[PDB]
């Protein structure tokens, strides 16, 4: 379980039964022939399991139990999970608001949430556990303080995240703090303030040994190393994730965080350029496809691994204007509709990702 260097080396990312179930029971029954066979393969690509609700915690243990059994059979698997239940979650948007609110004892609930997770990780110390810490949180504090919900959630976000990284700082764990993406914090003007924030989180948590680095492009679609700038990236020299991590990495070192590495989500980056009409359009973007398969052989000094954090097929937000959590971004002309609630299965989107996959599944 313990490691030195890249935590993705020496182990094999586990493909969870939750996503496998969604594909096999919600997607495959609608497909046939070659498509049905390609879809089955997708369910075997390792992706991160999101602990988006406390009700998901028993699932985390079930997954780890499955992994323990598999490793008993010669398996050498590692678990992959996303810590994502901050109070007043997704402060700059409306589609992914969570079950906890700062106003109603949210910080206390979050700590309880973290305690539940730590106890499971402690019980499964024998399993290498790779974690992404709170996607879509700190990034908002850099550019969205103009939004009341974010402005008022600052201290809670920092307090909760510090509790998460300090409590989950165990020898069998590798944590990557979410760091937005190239089109968000990658812009030269947002680089330094972002690096300072992340570095202050790291130092404020007493430089946790388990905090290996940052996670980028989570739930987004930027290419990892595309060579030609898409039209929508006009103005930003940092137009892919490689350029982004190589730009911010040195800045992290300047602010007290040295030896920080990265992992980048490529689960929906296979088709470039995407169908985005505006770079800031993040909801159920059309013209995307499954991308680079998870692997530690990145050939890049800063990237520990390509990963699939956001599970392709699970929606980014509802396109129903009358539904709760409706975010106008999900009704844009470059967003695939009709779309279900965030997290819910979106068959048409799964098919789009499968059809436009690169590497191909067909």
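Positions refer to the first chain, counted from 1.
When the mean C-alpha temperature factors of 104-112 and 198-206 are read from the deposited coordinates, 198-206 comes out higher. The mean Cα B-factor in the deposited entry runs higher for 251-259 than for the other of 251-259 and 167-175.
Which of 161, 292, 145, 211 has the largest Cα B-factor in the deposited entry comes down to 145. Which of 304, 320, 334, 314 has the largest Cα B-factor in the deposited entry comes down to 320. Per the PDB record, residue ranking by Cα B-factor puts residue 310 in the lowest third of the chain. Residue-level temperature factors show residue 271 in the lowest third of its chain, judged at the C-alpha atom.
Ranked within its chain, residue 300 lands in the highest third, by CA B factor from the PDB record.
In the deposited entry, the Cα temperature factor of residue 84 sits in the bottom third of values across the chain's modelled residues. The entry lists a Cα temperature factor for residue 32 that places it in the highest third of the chain's modelled residues.
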